[PDB]
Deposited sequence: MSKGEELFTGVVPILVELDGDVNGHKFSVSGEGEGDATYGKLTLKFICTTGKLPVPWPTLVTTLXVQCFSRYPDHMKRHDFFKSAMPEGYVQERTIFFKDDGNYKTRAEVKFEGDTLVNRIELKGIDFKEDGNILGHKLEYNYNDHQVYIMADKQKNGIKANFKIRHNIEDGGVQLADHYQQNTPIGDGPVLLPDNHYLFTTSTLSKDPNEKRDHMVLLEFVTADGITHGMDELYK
């Protein structure tokens, strides 16, 4: 299917153009994903200077087509079946007591690479908030995601919460709203509702002088 394109190790390119309170920036990313394991290995550079926001606020925004699916729900795999043409992923991310992110992204094959391209627009942030002020720990608290089919739009929708640890205590709620629609016209499998479970570990490349983020991840559905 499109699922056939994920049977081996696939390389991933991630490119991000972003603007948060008029602070423009660019993130690029590359690595591999192996869906038989729901494994991702990826490194991100801010290619414009310093990242104007904490890295763990871009993890969600920076590939659910790599989740491992059981054989009994191979077919409820919308993400893989929209390949190679891909899908649009849109989100509104609400940071409690602060501004909000708006993102549009196209995940699609380009040659043999899985490409995730992102427009990120962020407005209304406080300049000494936990975000612009860089007051967030470099670690992640993942959260499951409930995938709901959207028959009208032919894709999926989901709303989940992510909790970011605040330096010195506390938690910064990030309210996620997400809809995906396919880009092609090729009949696409619409899933039954189901969960994506993710585990993310952030680290650093001791040799990398630019502002970066090393990301290892597993995601699996059930």
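- Coordinate coverage of the deposited sequence breaks at 1-2, 65, 226-236, these segments carrying no C-alpha atoms.
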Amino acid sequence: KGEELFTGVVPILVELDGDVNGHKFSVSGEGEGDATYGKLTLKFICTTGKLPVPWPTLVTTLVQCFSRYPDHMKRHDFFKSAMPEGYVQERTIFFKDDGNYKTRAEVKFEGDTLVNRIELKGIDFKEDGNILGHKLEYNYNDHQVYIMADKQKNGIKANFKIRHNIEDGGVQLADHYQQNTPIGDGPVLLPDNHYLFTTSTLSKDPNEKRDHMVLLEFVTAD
From here on, numbers count along this sequence of modelled residues.
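- 106-114 and 148-156 differ in mean CA B-factor, and the higher of the two is recorded for 148-156.
- Higher mean CA temperature factor between 75-83 and 93-101: 75-83, per the PDB entry.
- For the set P187, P54, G29, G49, the maximum C-alpha B-factor listed in the entry falls on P187.
- Looking at the C-alpha B-factors along this chain, the one for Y69 belongs to the highest third.
- Looking at the C-alpha B-factors along this chain, the one for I123 belongs to the highest third.
- Ranked against the other modelled residues of its chain, the C-alpha B-factor of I166 as given in the entry falls in the highest third.
- Ranked by C-alpha B-factor against the other modelled residues of its chain, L13 falls in the lowest third.
- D175 sits in the lowest third of its chain by CA B factor, as recorded in the PDB entry.
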